[PDB]
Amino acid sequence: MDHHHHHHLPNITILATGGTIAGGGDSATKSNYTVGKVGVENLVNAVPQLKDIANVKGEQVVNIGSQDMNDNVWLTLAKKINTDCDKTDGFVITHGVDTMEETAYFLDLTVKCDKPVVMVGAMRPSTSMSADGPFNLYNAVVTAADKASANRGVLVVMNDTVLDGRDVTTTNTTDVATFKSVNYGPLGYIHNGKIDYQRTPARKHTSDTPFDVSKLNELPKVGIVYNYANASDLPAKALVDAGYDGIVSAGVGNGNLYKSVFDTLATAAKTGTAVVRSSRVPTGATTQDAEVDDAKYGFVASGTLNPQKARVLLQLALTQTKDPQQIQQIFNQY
């Protein structure tokens, strides 16, 4: 019989992928830096207070700028998380900000582990005055260690805020406060190492999706084309000529397409290419029942998913189905 208890700190695994969080330059003050050149051990050791909140173990997955994120790394991450779920209490992924909102959503759809998975980055390199990385990493570990964080999907933690992987996006090129869930808001705020969660995502995620990438070595090919005045149809045609499985249109306004672009995508859809209309506009849904007769052309409306997120869901949809009506149902549920 024990006569007293002791507090046990959770085991948290850090999966490091690079990013400005791991970036460095030669001056504390100059803006120039190189990404992904500092290892995970260095990041942990720069936050000596992590020992107060978790038993941390670091693993270097890759060390890249997130501008070079790709399908291979996504599959690696999802499989590692799903395989290693039973071995830890939670995960933190250090990652670049530039495509964090894509990876987070991919993982939000493909992770099956029911322990928290928290992504984190930094807007200033590790070497800069007032670098944001250390406290962001601390708060990410706080979030991954909180029992309340489970069953909320894959999270992003930046600037004292817990954000869901589906709605989160980077809103500013340089500001440390850039990450916002611009349609539906954050889940919780962090103060003094404690989170007050007031929201959770209603769209199905993680173990409630059908997307199972455990055996996959590649993902369906999906490209993104931009719309604007006098838009060339040559980007769309190039993707069609290469046999792309899907194309997402970054439309103008509520997902509208320049006529040339429309014409190429209509034609492609008729031959079986999947075509999703999203929007270059930074907030709001690309809706059904506006100026485009989606049913007639075999197009899908992306809802609040921006083009790059729409790409993520469409690649996954394409592992299950090629039928536009079933792909629309997916875009209505995940």
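One rule holds for the numbers: they count along the sequence shown, beginning at 1.
- Averaged over their C-alpha atoms, the temperature factors of 31-39 and 298-306 are higher for 31-39.
- The question of which stretch, 64-72 or 40-48, has the higher mean Cα B factor is settled in favour of 40-48.
- Based on the entry's C-alpha B-factors, the most elevated value among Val281, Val292, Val276, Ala285 belongs to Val292.
- For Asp86, the recorded CA temperature factor ranks within the highest third of the chain's modelled residues.
- Per the PDB record, residue ranking by Cα B-factor puts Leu216 in the highest third of the chain.
- Ranked by C-alpha B-factor against the other modelled residues of its chain, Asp114 falls in the highest third.
- Compared with the other modelled residues of the chain, the Cα B-factor recorded for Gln320 ranks in the highest third.
- Ranked by Cα temperature factor within the chain, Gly19 sits in the lowest third according to the deposited record.
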